[PDB]
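>
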Amino acid sequence: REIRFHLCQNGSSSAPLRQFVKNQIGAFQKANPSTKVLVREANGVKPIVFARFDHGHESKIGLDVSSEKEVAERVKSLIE
Amino acid sequence: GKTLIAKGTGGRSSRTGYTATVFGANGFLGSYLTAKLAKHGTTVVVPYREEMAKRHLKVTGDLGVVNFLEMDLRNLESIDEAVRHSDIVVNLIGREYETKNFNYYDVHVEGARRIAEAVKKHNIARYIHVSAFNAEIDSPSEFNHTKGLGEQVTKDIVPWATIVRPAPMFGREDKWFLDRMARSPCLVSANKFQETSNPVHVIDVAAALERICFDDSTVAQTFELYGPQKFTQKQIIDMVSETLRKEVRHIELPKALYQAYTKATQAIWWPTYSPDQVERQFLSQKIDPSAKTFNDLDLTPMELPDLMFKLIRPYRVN
Amino acid sequence: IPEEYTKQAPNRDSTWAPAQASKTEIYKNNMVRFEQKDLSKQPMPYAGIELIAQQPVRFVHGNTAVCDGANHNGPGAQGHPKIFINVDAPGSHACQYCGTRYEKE
Amino acid sequence: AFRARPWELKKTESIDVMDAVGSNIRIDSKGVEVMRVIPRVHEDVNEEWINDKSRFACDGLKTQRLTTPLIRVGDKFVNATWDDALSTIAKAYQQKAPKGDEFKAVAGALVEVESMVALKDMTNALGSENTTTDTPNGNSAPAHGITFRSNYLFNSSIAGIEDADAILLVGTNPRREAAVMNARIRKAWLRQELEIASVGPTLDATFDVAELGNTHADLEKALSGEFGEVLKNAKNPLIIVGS
Amino acid sequence: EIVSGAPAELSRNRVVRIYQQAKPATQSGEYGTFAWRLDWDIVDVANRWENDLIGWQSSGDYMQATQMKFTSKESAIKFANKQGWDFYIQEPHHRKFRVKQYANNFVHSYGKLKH
Amino acid sequence: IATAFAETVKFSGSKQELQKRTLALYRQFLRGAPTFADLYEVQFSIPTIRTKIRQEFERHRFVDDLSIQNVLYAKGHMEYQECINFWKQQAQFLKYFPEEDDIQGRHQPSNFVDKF
Ligand SMILES: NC(=O)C1=CN([C@@H]2O[C@H](COP(=O)(O)OP(=O)(O)OC[C@H]3O[C@@H](n4cnc5c(N)ncnc54)[C@H](OP(=O)(O)O)[C@@H]3O)[C@@H](O)[C@H]2O)C=CC1
Ligand SMILES: [Zn+2]
Numbered sequence: 006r007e008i009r010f011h012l013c014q015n016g017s018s019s020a021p022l023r024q025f026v027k028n029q030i031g032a033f034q035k036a037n038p039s040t041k042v043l044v045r046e047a048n049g050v051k052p053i054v055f056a057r058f059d060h061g062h063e064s065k066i067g068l069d070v071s072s073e074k075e076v077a078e079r080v081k082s083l084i085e
Numbered sequence: 037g038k039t040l041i042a043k044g045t046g047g048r049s050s051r052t053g054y055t056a057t058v059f060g061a062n063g064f065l066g067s068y069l070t071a072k073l074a075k076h077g078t079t080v081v082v083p084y085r086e087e088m089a090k091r092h093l094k095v096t097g098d099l100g101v102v103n104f105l106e107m108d109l110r111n112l113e114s115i116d117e118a119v120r121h122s123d124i125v126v127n128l129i130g131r132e133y134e135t136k137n138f139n140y141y142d143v144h145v146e147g148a149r150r151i152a153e154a155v156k157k158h159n160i161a162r163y164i165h166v167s168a169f170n171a172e173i174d175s176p177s178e179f180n181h182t183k184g185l186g187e188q189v190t191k192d193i194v195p196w197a198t199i200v201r202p203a204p205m206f207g208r209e210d211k212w213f214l215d216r217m218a219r220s221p222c223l224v225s226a227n228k229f230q231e232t233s234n235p236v237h238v239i240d241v242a243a244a245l246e247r248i249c250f251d252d253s254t255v256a257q258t259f260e261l262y263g264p265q266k267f268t269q270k271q272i273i274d275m276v277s278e279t280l281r282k283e284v285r286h287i288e289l290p291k292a293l294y295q296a297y298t299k300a301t302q303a304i305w306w307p308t309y310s311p312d313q314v315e316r317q318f319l320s321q322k323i324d325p326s327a328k329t330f331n332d333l334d335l336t337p338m339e340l341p342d343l344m345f346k347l348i349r350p351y352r353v354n
Numbered sequence: 031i032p033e034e035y036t037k038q039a040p041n042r043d044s045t046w047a048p049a050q051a052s053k054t055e056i057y058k059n060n061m062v063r064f065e066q067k068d069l070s071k072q073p074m075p076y077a078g079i080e081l082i083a084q085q086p087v088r089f090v091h092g093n094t095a096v097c098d099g100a101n102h103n104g105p106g107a108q109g110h111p112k113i114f115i116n117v118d119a120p121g122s123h124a125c126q127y128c129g130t131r132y133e134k135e
Numbered sequence: 244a245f246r247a248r249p250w251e252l253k254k255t256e257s258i259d260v261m262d263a264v265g266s267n268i269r270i271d272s273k274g275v276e277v278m279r280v281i282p283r284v285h286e287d288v289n290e291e292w293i294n295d296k297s298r299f300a301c302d303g304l305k306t307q308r309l310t311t312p313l314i315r316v317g318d319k320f321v322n323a324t325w326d327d328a329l330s331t332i333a334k335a336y337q338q339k340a341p342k343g344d345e346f347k348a349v350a351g352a353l354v355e356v357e358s359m360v361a362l363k364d365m366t367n368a369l370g371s372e373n374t375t376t377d378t379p380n381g382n383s384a385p386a387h388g389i390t391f392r393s394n395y396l397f398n399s400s401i402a403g404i405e406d407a408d409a410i411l412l413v414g415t416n417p418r419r420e421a422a423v424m425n426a427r428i429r430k431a432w433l434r435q436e437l438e439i440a441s442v443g444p445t446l447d448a449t450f451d452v453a454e455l456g457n458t459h460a461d462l463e464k465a466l467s468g469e470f471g472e473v474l475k476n477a478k479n480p481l482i483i484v485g486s
Numbered sequence: 043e044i045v046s047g048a049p050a051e052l053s054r055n056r057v058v059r060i061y062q063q064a065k066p067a068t069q070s071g072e073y074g075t076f077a078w079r080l081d082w083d084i085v086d087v088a089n090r091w092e093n094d095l096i097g098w099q100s101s102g103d104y105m106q107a108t109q110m111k112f113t114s115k116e117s118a119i120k121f122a123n124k125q126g127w128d129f130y131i132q133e134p135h136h137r138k139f140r141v142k143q144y145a146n147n148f149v150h151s152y153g154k155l156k157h
Numbered sequence: 004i005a006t007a008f009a010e011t012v013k014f015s016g017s018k019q020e021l022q023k024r025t026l027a028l029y030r031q032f033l034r035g036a037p038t039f040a041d042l043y044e045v046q047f048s049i050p051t052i053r054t055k056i057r058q059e060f061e062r063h064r065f066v067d068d069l070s071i072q073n074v075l076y077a078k079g080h081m082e083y084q085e086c087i088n089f090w091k092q093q094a095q096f097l098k099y100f101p102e103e104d105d106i107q108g109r110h111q112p113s114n115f116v117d118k119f
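Residue numbers (UniProt numbering), protein chains in the order written: chain A, 6 to 85; chain B, 37 to 354; chain C, 31 to 135; chain D, 244 to 486; chain E, 43 to 157; chain F, 4 to 119.
#1: Do B:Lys270 and B:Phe330 have their beta-carbon atoms positioned less than 8 Å apart in this structure?
#2: In the DSSP output, what is E:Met110 paired with across the bridge?
#3: Could you check if B:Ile304 is buried or exposed, using at least 16 other CB atoms within 10 Å of its CB as the buried criterion?
#4: Going along chain A in order, which residues have a C-beta closer than 7 Å to the C-beta of residue 223 of chain D?
#5: Going along chain E in order, which residues have a C-beta closer than 8 Å to the C-beta of D:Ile281?
#6: So does the region 320-333 of chain D actually touch the region 274-288 of chain D, counting three or more Cβ pairs closer than 8 Å?
#7: Taking 8 Å as the CB-CB limit, is C:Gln66 close to chain B?
#8: Could you tell me which residues DSSP pairs with B:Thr57 in its beta bridges?
#9: Of the residues that make up the region 92-113 of chain F, which ones have a beta carbon closer than 7 Å to any beta carbon in chain B?
#10: Assign B:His121 to one of two classes, buried (16 or more other C-beta atoms within 10 Å of its C-beta) or exposed (fewer than that).
#11: Spatial neighbours of C:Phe64 within its chain, please: CB distance less than 7 Å, with the 5 preceding and 5 following residues excluded, ordered by chain position.
#12: Does D:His387 come within less than 8 Å of chain E when only Cβ atoms are used?
#13: Using a Cβ-Cβ cut-off of less than 7 Å, give me the residues of the UniProt domain "NAD-dependent epimerase/dehydratase" (57-168) of chain B that come near chain E, in sequence order.
#14: I need the DSSP call for B:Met107, collapsed to helix, strand or coil.
#15: DSSP on C:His91, reduced to helix/strand/coil?
#16: Under the DSSP definition of a beta bridge, which residues are partnered with D:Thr375?
#17: Run through chain B and tell me which residues come within less than 8 Å of E:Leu95, C-beta to C-beta.
#18: Taking 8 Å as the CB-CB cut-off, is E:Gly126 touching chain B?
#19: What's the C-alpha gap between B:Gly63 and F:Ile56?
#20: For the 8 Å Cβ check, are there 3 or more pairs between the region 75-85 of chain A and the region 14-34 of chain A?
#21: Considering only heavy atoms of ligand 1, does any lie closer than 7 Å to the CB of B:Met217?
#22: DSSP three-state call for B:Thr52: helix, strand or coil?
#23: Would the C-beta of B:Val102 count as close to ligand 1, meaning under 7 Å from any of its heavy atoms?
#24: Can you tell me which of the three DSSP states B:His237 falls into?
#25: Smallest Cα separation from F:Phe60: which of F:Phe32, F:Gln84, F:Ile49, F:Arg109?
#26: Nearest CA to the CA of B:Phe206: which residue from B:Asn111, B:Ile193, B:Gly184, B:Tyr68?
#27: Any beta carbon of chain B sitting closer than 8 Å to that of C:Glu34?
#28: In the DSSP assignment, what are the bridge partners of A:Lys65?
#29: Anything in chain B within Cβ reach of D:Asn479, meaning under 8 Å, just list it in chain order.
#30: Give the interface partners of E:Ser46 over in chain F, defined as CB-CB distance under 9 Å, in chain order.
#31: For D:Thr324, which residues in chain B fall below 8 Å Cβ to Cβ?
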């Protein structure tokens, strides 16, 4: 498996993902050392978190708004 | 010989590189196959024998896709030269009558043996030899006897022998299938005045020969090109006389009395109705149980009558 | 692509190729349609590579060599335009319009 | 030299290869052959110049290209039909069945992103992931994660190189790689006052480096010794590392 | 939108390019700066093959060599959506101001010297 | 100071009136089909003509603007004008009729695999 979530750098609609990703990557790789994380975007996009299971199978959800703590809940839902 | 994706492209001069050589081809069947062959960018060596008759095969393609060589089946060196550079070669050959210089033998047996010997000496991939319907080794039409001998010789040497046996053909300017219907001053023959068999349209013959001449995995198979449905008799004359003139006028003469016209036929300037045709009027399609057809090469040849509506319609009354 | 040949012609009066990428093989040159033909269709270029070796080197004791190529019978200017070339180092004897070689002596 | 003359030429916008900078080229084409290249103008990235290797891909293009699929019988290497080679590949895959953690694809040197997307997606669709690069035993992470894109690439602006106070280069010879980056280095070095040092390979580059060893211990010594003063004291410094 | 007088199926199939023509680097002179160009791509199988008889380059693109010359990029793109095919625009690139004292021929204490 | 089959050019305003006008055009363009088969001696039948005419008008069922439908009406009535007599010839006339399949051989089955 490997996960991938890419972030706008506008202040609106990304500050949940911003202050998530400034904290929780050490939670992710020390939670999933085999699963490979990548975060790769700056410019104006929509906040979507995108997992892929280990046999060619995509999965996604948008990550609209929760100041924190449901961002990780929707991430854990994407693991499930 | 190795190639790229498939046959059917979408534009002329998107040329293939396949270098074909078609024997005969001045007359009837060899029009439409080189018309299908130069349409899609293939180099054609078409040899000939008469200079004034070879001209109307040039406009099928533009440049380098039609070429003229001065073959003659007597000359070894001419056919030797003719397929030095070729990649595939078909021979539609053989008059439906002897000349004043040719037997029925050695117009598709040793005439076939010379060119197939040139094929073996040149290692030409994909040799295709047409041969007649009902090509037996029995006597009664020595035409058919000779075509059976020709198929035997083309299988003696050269296992690269895709033999194709078309039925009686059906197209514009049909030599002895519809010219004896269209002009037809008094079509009079067939002692058995019915009891013929399968017609096949000519552009379907050409499409069959085109779809065989390029694909592989068909070496040494023999084909017979069946009529689509009807295998019908001389009752199609009635459908020919469905056009309003009904001038067909079959007078069903006795057999040995009919020979004299054919024995007249050798003396004439132009060919008429030589007696192996008269003997084939007693035959039918001895249809091979095991020979691959249009359904094998993925075609459906067109039916008789609705195509005959187009094919004979200069010849109406009003 | 197969085995056939007709040994009746080299490249030109010069034996090998005239320049980069000017071949003289006939099979790649589509030997399909050279047949029934004389080979006396025109191989007439004498390959001017050979014709500078025909030409003798001209000497000028100055430093700048004028080249025209124009005749001394024509009423109009017909040679290549007036290029002034240098004869300074030996070797650079090459009027780039004619190939006449100009050496300083 | 004399191959063409510029009105025959479908002058065509394109992007450079053979350098990571993605230089600003424009291809002169005669229609099948490629005649030459011209560096187009692109003011941020390498405004007027080309890497000199990139100027002569034309003689590297039309010389020995693969025009057809080739298969080996074995030390006997014949060309063949496209569909034949495809069915041979699929049949060999069915023969070996490399199901799990196998079929090592590897990122080549000079490809496109879209082919690499097809590569990664086809490998992950086939069942595993093993895609590395050309590097001599880089069958391992590049020791900076694919997370946080800014960590990865040359994340300072190429124009801001001539806005840098003093930089130092480690593990690279920027004359040998990205020569137009070297051109902007020299442009800054003649414009402004820059303290430049190489650490690692012994290089002759035309902007007066001060080489400080060929060893990692020399690197850490030079960092803690005097560039810990310089880079902290300087205003917007840069620190450039080789691949 | 249906095309009124465009008999091809260009409008669904090809990618066209709106671009400012680049400033040539060989000559100085800037007349190509003041246009806008429409160009159909060669992303094709047709894509100018090689002839075998004489050896020209017979193409298969019926609209290989064609250039509009427009005035404004938005007028260009309003035409491009009006006749209606898939485009891609490409932004030009200027040359940036740099102050050029011709007197740049003076130094303090410094190693390197020039012409 | 003349016509040939009364070609008129005057585009109305309302889309209902243009609807009725194209409808009557469709009637004449459909009625002339045995006259077409007489005039050009095609192989196919008169119902082939009729289903292809219906195909051609269903090509532009969902065109919005009446100010596009005007010149579509002009093109339709004008090609009716050039078909109702012998201006067009049968070589010119078969450019509407992709009739036969056997010209193509085996070809693209609209799969990606057989683009290669
Ligand atoms: N009833 C039928 O006709 C049927 C035809 N076939 C087969 O189809 C093949 C082609 O049919 P078709 O198109 O009508 O053939 P053609 O009527 O077109 O004649 C074949 C061409 O080859 C020439 N040719 C080749 N070798 C010789 C030779 N030794 N002597 C004289 N002429 C020669 C012929 O005359 P020239 O030299 O002047 O060019 C002629 O131009 C036939 O050979 C036949 O075996 C099979 C089923 C029915
Ligand atoms: Zn000169």
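Note that beta-carbon positions come from the ideal geometry of N, C-alpha and C, so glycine has one too.
So, from the listed chains and residues:
#1: no
#2: E:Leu80
#3: exposed
#4: Chain D is shown only over 244 to 486; residue 223 of chain D falls outside these bounds and no answer can be derived.
#5: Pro66, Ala67, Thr68
#6: no
#7: yes
#8: B:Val81, B:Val125
#9: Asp105, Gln107, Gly108, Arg109, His110
#10: buried
#11: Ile56
#12: no
#13: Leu99, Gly100
#14: coil
#15: coil
#16: D:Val349
#17: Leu99, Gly100
#18: no
#19: 39 Å
#20: yes
#21: no
#22: coil
#23: no
#24: strand
#25: F:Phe32
#26: B:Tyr68
#27: yes
#28: A:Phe55
#29: Within chain B, no residue comes near D:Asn479; the closest Cβ sits about 57 Å away, beyond 8 Å.
#30: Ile71, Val74, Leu75, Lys78
#31: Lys38, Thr39, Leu40
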